[PDB]
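First comes one chain, alone, set out as structure tokens in the form deposited in one PDB entry.
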């Protein structure tokens, strides 16, 4: 009858927990035939920690990179390459170096002697508080979504869940797979710029603070000699 995608409101920061709790319930209520998949729209990252403290959080995807951290006894060097992570070297006694390479979230490599570890995890920062599912929606399932701990109802309008287009879902999901900045979105503080759009056309001013990744800018323009602070997108002020 054709399953459909649906977004689920979960407790933010608990995206992975809600997925794990849900699957246990589908399996418990015997509703696993109604669900084709449960997904967390987050990017795959490698978390490196020394003595129970986070030192790094990098994307699992990218060119071969080495990363050394000071632990209890000395330093452990982890390597990230071809989507996998492994221990290249650690202090004497750390057999973690013999531990095969990990590449899927939830799993890791822990070094007992140096107290360092590299764990692969899905970090949901793009869509915090959400997980998607492809499924045949029904009252039993809906009541099971609800029951599940870190989950709090599917997204819905007029008492009915909102179906999503599978083509548009794959689009965002795959776009999540390889995010690359794309560059550095630059616009330094101090730059001289001139508004080429809006109720400040032609006006010129100075960039006094930049909001990277938010593509929003704070500019000091003189109005009656008074340096007035105004917010403008990068698409509202040409660079001079």
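Positions refer to the first chain, counted from 1. Between two forms, the rigid core is defined as the largest C-alpha subset superposing within 1.5 Å.
Below, we refer to the form deposited in another entry, which is not included among the displayed structures.
Annotation for residue 194: C-alpha shift of 2 angstroms or more between the shown form and the other one, rigid core superposed. Taking 2 Å as the criterion, residue 24 does not count as shifted between the shown form and the other one: its C-alpha moves by less than this amount when the rigid core is aligned. Taking the rigid core as fixed, one finds a CA shift for residue 163 smaller than 2 Å between the shown form and the other one.
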